[PDB]
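Everything on this sheet refers to the single structure shown next.
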Amino acid sequence: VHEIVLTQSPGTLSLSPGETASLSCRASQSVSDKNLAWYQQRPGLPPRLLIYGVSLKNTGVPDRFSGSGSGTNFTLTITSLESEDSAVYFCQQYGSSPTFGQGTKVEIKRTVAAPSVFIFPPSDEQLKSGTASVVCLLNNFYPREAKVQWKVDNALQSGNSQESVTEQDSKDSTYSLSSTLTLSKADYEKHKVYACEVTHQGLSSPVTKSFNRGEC
Amino acid sequence: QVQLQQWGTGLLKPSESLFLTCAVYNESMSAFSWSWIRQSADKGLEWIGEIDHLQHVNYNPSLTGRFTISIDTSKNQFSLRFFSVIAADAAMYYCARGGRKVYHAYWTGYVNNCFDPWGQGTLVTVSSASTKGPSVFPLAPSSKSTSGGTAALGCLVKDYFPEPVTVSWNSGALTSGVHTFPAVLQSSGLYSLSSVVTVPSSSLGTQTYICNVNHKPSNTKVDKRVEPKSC
Ligand SMILES: *[C@@H]1O[C@H](CO[C@@H]2O[C@@H](C)[C@@H](O)[C@@H](O)[C@@H]2O)[C@@H](O[C@@H]2O[C@H](CO)[C@@H](O[C@@H]3O[C@H](CO[C@H]4O[C@H](CO)[C@@H](O)[C@H](O)[C@@H]4O)[C@@H](O)[C@H](O)[C@@H]3O)[C@H](O)[C@H]2NC(C)=O)[C@H](O)[C@H]1NC(C)=O
Ligand SMILES: *[C@@H]1O[C@H](CO)[C@@H](O)[C@H](O)[C@H]1NC(C)=O
């Protein structure tokens with residue numbers, strides 16, 4: 001026995017609500033009978049079975065989810081897209097030893113939403129520990145593309161910060177981003193102005209949130 | 001309602017043995033096949049193997065020999081044991097209900113070997129580094145206005161290992177507007193994440209805001225109140 005590789009295309013799909021999503025699942029060799037399933041996965045949760053037997057829906061799956069195909073070509077069709085359909089979808093065959101596709105991420109488009117930007121100075125608790133973390137929050141924005149620039153006394157920071165982004169919210173279809181600039185307490189106290197400059201197409205101009213260290 | 005509950009130790013050193021157990025509620029073990037599945041960033045979803053009530057198994061051919069699956073038909077539990085883990089075994093491990101049994105003349109088979117429902121998952125980390133509990137630092141809002149209508153506050157859960165940590169707010173009473181971000185692996189090998197929430201700026205003086213941080217690998221549990229910062 002060997003593993004049948006499943007290739008899903010495209011890797012990412014971005015469509016507006018009400019449109020129809022078409023997700024492909026190609027098999028390296030023929031899948032016998034109708035031994036293919038489809039799953040939907042959200043962050044922090046196991047995959048959720050949507051379709052089994054190529055076209056049979058699971059309990060609670062709406063009629064707008066439909067599957068088809070045979071042999072080596074299978075398709076998952078989602079009509080009347082909704083915000084909660086923002087997720088990653090996997091196909092899985094069980095004609096041989098079970099294997100999964102790599103997944104297709106579905107982003108649901110929405111109106112442009114500029115980020116609300118917040119900067120956070122290091123806490124006094126952390127400063128006692130000898131370290132200083134400065135955090136910049138970009139809250140509830142769309143599209144995903146955004147630029148965050150740290151400036152320390154107008155010095156552009158490059159390679160000194162880390163960021164992470166939430167998956168698209170299933171209700172309002174926005175993203176949020178958190179960026180952390182970490183310095184030692186000694187280096188933190190060498191400078192005064194700590195600024196976070198955010199660029200996003202929802203903003204008419206870049207927004208800067210800043211504070212002066214030790215002026216409180 | 002059929003429910004799968006799983007447990008087991010997630011952090012272990014290389015060449016150590018992984019052992020996970022999955023309890024099946026509201027279902028007979030002899031009515032379905034029972035599979036183990038893992039999910040990693042490098043390999044995606046990987047079916048590991050399956051077992052039935054007759055203790056017959058079928059294993060992933062790429063992983064055969066490295067593990068064994070057992071079943072306890074009287075206690076409605078089945079387990080997965082990797083004999084000696086390697087770094088590439090780090091992943092989220094799930095148990096799931098697989099194919100449904102069909103009765104034939106003189107034998108029984110299984111059809112539709114898909115997975116529903118699933119266990120909640122057990123995150124497995126393969127590392128020789130010791131466990132470390134995080135420090136919880138406030139992301140304090142300003143007493144003055146940072147945006148007139150809406151303020152943001154949060155907690156910085158910094159320098160812990162390994163994943164995962166859980167964060168709630170006000171013991172679950174506050175969920176609206178909460179964003180708990182994916183952790184980042186710092187250059188020191190320790191993880192750090194933030195959890196924030198946007199609230200009405202008028203509530204900063206009256207409403208108490210507490211983040212509930214739990215890092216079970218180190219048994220570090222912290223309730224940190226976040227206060228406005230005044231000057
Ligand atoms: C496992 O799943 C069952 C439910 O699934 C059913 O039972 C299993 C064993 C299988 O046979 C399945 O095929 C079935 O579908 C859960 O058990 C049920 O739990 C609920 C509670 O969440 C029970 O409901 C309670 O009923 C109480 C008594 O009701 C009486 O009074 C009301 C009001 O007067 C009346 O309307 C009713 O007709 C009764 O006369 C009630 O006081 C209470 O508030 C609650 O409503 C239900 O009865 C349970 N079903 C059975 C068959 O026991 C298990 O919780 C679940 N276990 C796990 C571990 O997940
Ligand atoms: C696979 O199916 C899709 C739609 O179901 C079709 O557009 C595509 O051409 C097919 N590809 C092959 C190789 O048959």
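Note on naming: chains are A, B, ... as they come in the structure tokens, residues start from 1 per chain, ligands start from 1 in the order shown.
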
(Q) I want to know what sits within 10 Å of residue 1 of chain A, based on only C-alpha atoms, with residues of the same chain fewer than 3 positions away left out; could you give that as a PyMOL selection string? (A) (chain A and resi 4+96-97) or (chain B and resi 60-62)

Q: Set the cut-off to 10 Å, count only C-alpha atoms and all ligand atoms, and list whatever residues fall near ligand 1 as a VMD selection string.
A: chain B and resid 1 to 5 24 to 27

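Around residue 56 of chain A, within 9 Å and counting only C-alpha atoms, the residues found are residues 37, 50, 51, 52, 53, 54, 58, 66 and 67 of chain A, once anything fewer than 2 positions away on its own chain is removed.
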
**Q.** 10 Å shell around ligand 2 using only C-alpha atoms and all ligand atoms, listed as a PyMOL selection string
**A.** chain A and resi 22-26+67-77

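Proximity to chain B was assessed for A:64, A:190, A:151, A:209 counting only C-alpha atoms; the smallest distance is recorded for A:209.
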
Q.
Please identify all residues of chain B having at least one atom at most 9 Å from any atom of chain A, considering only C-alpha atoms, and return them as a VMD selection string.
A. chain B and resid 43 to 49 58 to 62 94 111 to 121 135 to 142 146 to 147 151 to 153 156 179 to 186 193 to 194 196 198 230 to 231

(Q) DSSP on the backbone: which residues in segment 12-207 of chain B end up as strand (DSSP E)? Give the answer as a PyMOL selection string. (A) chain B and resi 12+18-25+32-40+44-51+57-59+67-72+77-82+91-103+108-111+122-126+135-139+150-160+166-169+178-180+184-185+191-200

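Picture a line from atom CA of residue 28 of chain B to atom CA of residue 52 of chain B; it runs 10.8 Å.
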
Q.
So that I can check the surroundings of residue 133 of chain B, please list as a PyMOL selection string every protein, DNA and RNA residue that reaches within 12 Å of it, counting only C-alpha atoms and ignoring chain neighbours fewer than 2 positions away.
A. chain B and resi 130-131+135-136+157-165+190-192+213-222

What does the file look like for those residues with N, CA and C atoms, as a compact mmCIF listing (two decimals), in the first residue's frame?
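Saved as result-v1.txt:
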# COMPACT_ATOMS: atom_id res chain seq x y z
N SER B 130 13.51 22.82 29.09
CA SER B 130 12.65 22.65 30.25
C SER B 130 11.41 23.54 30.14
N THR B 131 10.37 23.15 30.87
CA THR B 131 9.16 23.95 30.94
C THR B 131 9.42 25.24 31.71
N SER B 135 5.48 35.20 32.44
CA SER B 135 5.12 36.40 33.17
C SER B 135 3.95 37.06 32.46
N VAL B 136 3.01 37.58 33.24
CA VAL B 136 1.84 38.26 32.70
C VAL B 136 1.98 39.74 33.01
N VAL B 157 1.62 37.92 27.67
CA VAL B 157 1.99 36.64 28.25
C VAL B 157 3.33 36.25 27.63
N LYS B 158 4.42 36.49 28.37
CA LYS B 158 5.76 36.52 27.80
C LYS B 158 6.66 35.47 28.43
N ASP B 159 7.53 34.88 27.60
CA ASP B 159 8.62 34.02 28.04
C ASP B 159 8.11 32.74 28.71
N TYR B 160 7.40 31.93 27.92
CA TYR B 160 6.94 30.63 28.38
C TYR B 160 7.31 29.56 27.36
N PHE B 161 7.28 28.32 27.82
CA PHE B 161 7.58 27.16 26.98
C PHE B 161 7.10 25.90 27.68
N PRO B 162 6.42 24.99 26.97
CA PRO B 162 6.05 25.15 25.57
C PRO B 162 4.64 25.70 25.40
N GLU B 163 4.16 25.71 24.16
CA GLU B 163 2.74 25.94 23.91
C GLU B 163 1.92 24.82 24.55
N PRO B 164 0.64 25.07 24.85
CA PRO B 164 -0.11 26.31 24.66
C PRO B 164 -0.42 27.04 25.97
N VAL B 165 -0.97 28.24 25.85
CA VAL B 165 -1.56 28.96 26.97
C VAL B 165 -2.98 29.33 26.58
N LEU B 190 11.78 31.02 23.76
CA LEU B 190 10.59 31.12 24.58
C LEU B 190 9.48 31.81 23.79
N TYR B 191 8.25 31.39 24.04
CA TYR B 191 7.09 31.95 23.36
C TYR B 191 6.59 33.19 24.08
N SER B 192 5.84 34.00 23.34
CA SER B 192 5.25 35.22 23.88
C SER B 192 4.02 35.54 23.04
N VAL B 213 -4.94 33.91 32.76
CA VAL B 213 -3.89 33.24 32.00
C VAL B 213 -3.62 31.89 32.63
N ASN B 214 -3.55 30.85 31.81
CA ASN B 214 -3.27 29.51 32.30
C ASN B 214 -2.26 28.85 31.37
N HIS B 215 -1.12 28.44 31.93
CA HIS B 215 -0.09 27.70 31.22
C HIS B 215 0.02 26.34 31.91
N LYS B 216 -0.80 25.39 31.46
CA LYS B 216 -0.86 24.09 32.11
C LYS B 216 0.46 23.32 32.12
N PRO B 217 1.29 23.34 31.07
CA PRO B 217 2.57 22.61 31.15
C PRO B 217 3.42 22.97 32.36
N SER B 218 3.33 24.19 32.87
CA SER B 218 4.07 24.60 34.05
C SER B 218 3.19 24.78 35.27
N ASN B 219 1.88 24.54 35.15
CA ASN B 219 0.92 24.78 36.22
C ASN B 219 0.98 26.24 36.70
N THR B 220 1.19 27.16 35.76
CA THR B 220 1.23 28.59 36.04
C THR B 220 -0.12 29.18 35.67
N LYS B 221 -0.85 29.65 36.68
CA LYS B 221 -2.18 30.22 36.51
C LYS B 221 -2.17 31.60 37.16
N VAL B 222 -2.54 32.62 36.40
CA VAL B 222 -2.43 34.01 36.85
C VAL B 222 -3.69 34.77 36.44

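Going from atom CA of residue 171 of chain B over to atom CA of residue 134 of chain B, you cover 18.9 Å.
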
Q. Within 12 Å of segment 6-20 of chain B, counting only C-alpha atoms, which residues qualify if same-chain residues fewer than 4 places away don't, as an MDAnalysis selection string?
A. chainID B and resid 24:25 36:38 66:71 76:96 118:132 161:164 216:218

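Here atom CA of residue 59 of chain A is placed at a distance of 24.1 Å from atom CA of residue 32 of chain A.
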
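The list of residues with at least one atom within 8 Å of residue 185 of chain A, based on only C-alpha atoms and without residues fewer than 5 positions apart in the same chain, reads residues 127, 130, 131 and 132 of chain A.
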
Q) Can you list, as a list in words, every protein, DNA or RNA residue that comes within 9 Å of residue 111 of chain A when you count only C-alpha atoms, leaving out same-chain residues fewer than 2 positions away? A) residues 109, 113, 142 and 143 of chain A
